[PDB]
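coordinates for the following, if possible.
(chains A and B, ligands or ions: 2)
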Amino acid sequence: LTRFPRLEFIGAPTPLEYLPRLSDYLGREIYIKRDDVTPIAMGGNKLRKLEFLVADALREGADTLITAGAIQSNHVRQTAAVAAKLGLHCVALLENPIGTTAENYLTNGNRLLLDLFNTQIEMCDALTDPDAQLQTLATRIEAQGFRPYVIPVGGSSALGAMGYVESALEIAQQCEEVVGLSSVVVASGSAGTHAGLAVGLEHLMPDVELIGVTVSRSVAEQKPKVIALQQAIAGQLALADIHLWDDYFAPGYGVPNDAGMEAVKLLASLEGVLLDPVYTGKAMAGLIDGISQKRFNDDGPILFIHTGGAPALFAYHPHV
Amino acid sequence: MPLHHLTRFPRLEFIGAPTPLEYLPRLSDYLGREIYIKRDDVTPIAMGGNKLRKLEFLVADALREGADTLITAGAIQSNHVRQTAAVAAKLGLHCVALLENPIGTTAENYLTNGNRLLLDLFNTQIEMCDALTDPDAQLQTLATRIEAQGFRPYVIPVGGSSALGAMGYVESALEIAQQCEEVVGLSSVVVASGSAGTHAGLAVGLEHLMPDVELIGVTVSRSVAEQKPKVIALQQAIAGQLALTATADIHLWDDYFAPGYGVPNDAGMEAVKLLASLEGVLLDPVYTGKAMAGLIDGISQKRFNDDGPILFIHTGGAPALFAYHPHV
Ligand SMILES: Cc1ncc(COP(=O)(O)O)c(CN[C@@H]2CONC2=O)c1O
Ligand SMILES: Cc1ncc(COP(=O)(O)O)c(CN[C@@H]2CONC2=O)c1O
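Residues are numbered from 1 along each chain as shown, chains lettered A, B, ... in the order given. Ligands and ions are numbered 1, 2, ... in the order given. Okay, here it is:
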């Protein structure tokens, strides 16, 4: 996986913990990969990607990082934190994907942390073409005398996803001589984590089924994205079918549903673990329903990749 | 190893590996002095904090008594209560919380968001009192009413700051000393000093492991005269429980909790802003922000014993930011 430059944002491998009380209530061995407890600013999955993204930015001698997402994007917040830490400027192109006017979505949560990180906020109506909108802003910013480095939506490029290809080795090492996995459940947004884990776990764990619970798209729209990135990563590294469930995001991206919210309550009351309304909560709702519908190929132990997002809870409260 | 009597106390592993001890290059560059950070805010259970270390001993004690209910008290946006209720949830124990509004605010986000929001998620029974005048007697009164229902309650004092709870920061001191060994010659340590458990735990530990290192407690609720004896009583109790003598003088600065506990000040907010924008580290309005403001002004006024490296203990508190936004 090396030969690609990488910074040290995590260092120690993130915890893999048994969930006894959730396993109790579900009657099935459930494990959790705690990528939410990464050391930088309340954590998240994007640290793994930014280790490669910002390492590439320093090689190209950038002084400014530019990315995009929702107002309450964890990715934007993690990007801003890393930038501040390294002395790099940060420009954010943000949108309101749900059209709310609630003070806490507009000003609290991840968006509040952006003000603290001194992030140059740029508002747009819709991210209809993010790659081309970032490119525009990057020209404007470099015209102002800066050296910008564009980071894609969720940092979900072939290089970005290398963080989660590497992440598979951690899982393989932590599970070995302790637990024999059967299934792995992960949230599938911009496909960065899901494609990354697909390539890695194909080689490092043969008899495991990777399930991608979508948060924004249907199977028809998500399949082409996860396949393409998988074949980009495999080609980049000189090296299996994609499995997706799309029932567990109700009205769309960035809107809470009853199943996802109750999943949040479940893992907080039983395990003291904090999920989020947008990603992990919905991803967990699929996991619970997967056992319920016996949608997994067998009744063996399941691993949930906690990708973070907990700071969103403070923005979505009380409602949106 | 003069701290070997620490083995006598039963302990539940909540942290695992030692928390990061990181150098802060940009802040060091700004302040003109080598600054290090002990990251106890990155403990794995429910957004972290200093109280997790203390709960490791207190909850282990609770289980040995066969208790099924943790009862504790604090502010509505207390970090201790939140961490307590998170541990209680993880171990299948009921949690009863006695909460006060300590600043008389009516802001929605202070009353319902932040730490208070997480309390609901952990299924915490909430008891609202008007003022925490006598927290020990109020917690006792509540315990009787809770056990009359049939619960087997274990009372945890404010901030978990008994001699037993404070053992988690004699533990921390040992981590610090090991991590600094032949890597950094420490001169000073800055920590927030609230209910005194962290400060006193660090006081006892550091006196025996890093005797030449100066320890500074930046008060967040009280003056030197009022805070001094609280830290000392714990200091001496902790030492006695570990078969040790503690002769070190406690040091405190009270110039940085502006109008009172839980009320943000200008120097605090700038300390929060400074570390966020320079290091991507998130402080809080109530504790670490004011403790950092004391470190900065301590450097500014030449208040430390010398010019050497300063370790800042990041005790956590960050979830309060969302509660204290936009104002109180
Ligand atoms: C907590 C959390 N979980 C899951 C995801 C989804 O993972 P991938 O992006 O790797 O698929 C994201 C970010 N992703 C969102 C989805 O859209 N844009 C983003 O930044 C996230 O912040
Ligand atoms: C982040 C943080 N720092 C410091 C403290 C105070 O440290 P000691 O209590 O160990 O001195 C607390 C909680 N303590 C407050 C202080 O009073 N009541 C409480 O619950 C806290 O949450």
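
tell me the residues on the stretch 151-300 of chain A that lie near chain B, please.
When proximity is defined as C-beta under 8 Å from any C-beta of the partner chain, the stretch 151-300 of chain A approaches chain B at A:264-265, A:268-274. All C-beta atoms are positioned from the backbone trio N, CA, C, and that covers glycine.

most neighbours among the residues you listed, please name it.
residue A:273 (29 neighbours; other C-beta atoms under 10 Å in any protein chain shown).

is it true that it touches residue A:267?
Yes - judged on C-beta atoms under 8 Å, residue A:273 makes contact with residue A:267 at a distance of 4.4 Å.

find residues that contact each of those two.
Residues touching both residue A:273 and residue A:267 (C-beta atoms under 8 Å, 6 or more residues apart in numbering or on different chains): residue A:19.

looking at chain A, what residue ends up closest to ligand 2?
Distances between chain A and ligand 2 by C-beta to the nearest ligand atom are smallest at residue A:42, namely 14.3 Å.

confirm that residue sits in a strand?
No - assessed by DSSP: H, G, I helix; E, B strand; the rest coil, residue A:42 does not belong to a strand; its assignment is coil.

next one: phi and psi at it?
phi 70, psi 0 (degrees, to the nearest 10).

all strands of chain A, in order?
A:16-18, A:30-34, A:64-70, A:89-95, A:120-123, A:148-150, A:183-188, A:209-214, A:243-245, A:302-306 (DSSP state E).

in JSON lines: those strands, plus distance to residue A:260.
Formatted as JSON lines, these follow (distance: least, C-beta to C-beta, whole Å):
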{"stretch": "strand A:16-18", "distance to residue A:260": "22"}
{"stretch": "strand A:30-34", "distance to residue A:260": "17"}
{"stretch": "strand A:64-70", "distance to residue A:260": "16"}
{"stretch": "strand A:89-95", "distance to residue A:260": "21"}
{"stretch": "strand A:120-123", "distance to residue A:260": "27"}
{"stretch": "strand A:148-150", "distance to residue A:260": "31"}
{"stretch": "strand A:183-188", "distance to residue A:260": "11"}
{"stretch": "strand A:209-214", "distance to residue A:260": "10"}
{"stretch": "strand A:243-245", "distance to residue A:260": "13"}
{"stretch": "strand A:302-306", "distance to residue A:260": "14"}
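
in space, what's closest to the one residue in the stretch 51-200 of chain A that gets nearest to ligand 1 - neighbours in sequence excluded?
Nearest residue of the stretch 51-200 of chain A to ligand 1: residue A:189, at 2.6 Å (C-beta to the nearest ligand atom). Excluding its sequence neighbours, the residue lying closest to residue A:189 (C-beta to C-beta, 6 or more residues apart in numbering or on different chains) is residue A:215, at 4.9 Å.

show me which residues of chain A sit near ligand 1.
When proximity is defined as C-beta under 6 Å from any ligand atom, chain A approaches ligand 1 at A:44-45, A:69, A:73-75, A:153-154, A:156, A:187-194, A:276, A:279-280, A:307-309.

okay if I get the strands of chain A as a markdown table plus mean neighbour count and distance to residue A:50?
Below are the strands of chain A laid out as a markdown table (neighbours: other C-beta atoms under 10 Å in any protein chain shown; distance: least, C-beta to C-beta, whole Å):
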| stretch | mean neighbour count | distance to residue A:50 |
| --- | --- | --- |
| strand A:16-18 | 16 | 22 |
| strand A:30-34 | 22 | 18 |
| strand A:64-70 | 25 | 9 |
| strand A:89-95 | 22 | 11 |
| strand A:120-123 | 14 | 18 |
| strand A:148-150 | 23 | 11 |
| strand A:183-188 | 27 | 18 |
| strand A:209-214 | 25 | 21 |
| strand A:243-245 | 21 | 25 |
| strand A:302-306 | 26 | 17 |
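
so which of these gets nearest residue A:56?
With respect to residue A:56, and counting by C-beta to C-beta, the nearest of these is strand A:148-150 at 7.5 Å.

neighbouring strands - and their directions - for the closest one?
According to DSSP bridges, strand A:148-150 forms sheet pairs with strand A:64-70 (parallel).

how far does the partner strand sit from the chain's center?
For strand A:64-70, the separation from the chain centroid amounts to 15 Å (computed by C-alpha atoms, centre = their mean, to the nearest Å).

what does it contact?
A:54, A:57, A:75-76, A:79, A:82-83, A:88-97, A:127, A:130, A:133-134, A:137-138, A:141, A:146-155, A:253-254.

and the angle for that strand with strand A:89-95?
Following axes from the mean of the first three to the mean of the last three C-alpha atoms, to 10 degrees, one obtains 20 degrees for the angle between strand A:64-70 and strand A:89-95.

quick check, residue A:254 in contact with residue A:97.
Yes - with contact defined as C-beta under 8 Å, residue A:254 reaches residue A:97; the gap is 4.8 Å.

so for those two, which sits in the more crowded spot?
With neighbours defined as other C-beta under 10 Å, residue A:254 and residue A:97 compare such that residue A:254 has more, 25 against 19.

and the end-to-end length of stretch A:20-32?
11 Å (C-alpha to C-alpha, to the nearest Å).

in it, what counts as buried?
A:21-23, A:26, A:28-32 (16 or more other C-beta atoms under 10 Å in any protein chain shown).

now swap in stretch A:126-133 and tell me
Judged by neighbour count (16+ other C-beta under 10 Å), stretch A:126-133 contains these buried residues: A:127, A:130, A:133.

go ahead and confirm the last one touches residue A:127.
Yes - in this structure, residue A:133 sits in contact with residue A:127. The criterion is C-beta under 8 Å, and the distance is 6.4 Å.

can you pull the residues that touch both of these two?
A:68, A:93.

before we move on, the earlier item: can you tell me which of the buried residues of stretch A:126-133 are up against ligand 2?
Of those, not one also sits near ligand 2 (C-beta under 6 Å from any ligand atom).

wait, what's in contact with the residue nearest to residue A:19 when sequence neighbours are not counted?
Computed as C-beta to C-beta, 6+ apart, the closest residue to residue A:19 that is not its neighbour in sequence is residue A:30, at 4.7 Å. Contact analysis of residue A:30 by C-beta under 8 Å, 6+ apart lists A:18-19, A:22-23, A:287, A:301-304.

how long is stretch A:56-76 end to end?
Here the two ends of stretch A:56-76 are set 18 Å apart, with distance taken as C-alpha to C-alpha.

can you check stretch A:286-297 too?
Taking C-alpha to C-alpha as the measure, stretch A:286-297 stretches 15 Å from start to finish.

starting at the chain centroid, how far to it?
Using C-alpha atoms, centre = their mean, the offset of stretch A:286-297 from its chain centre is 22 Å.
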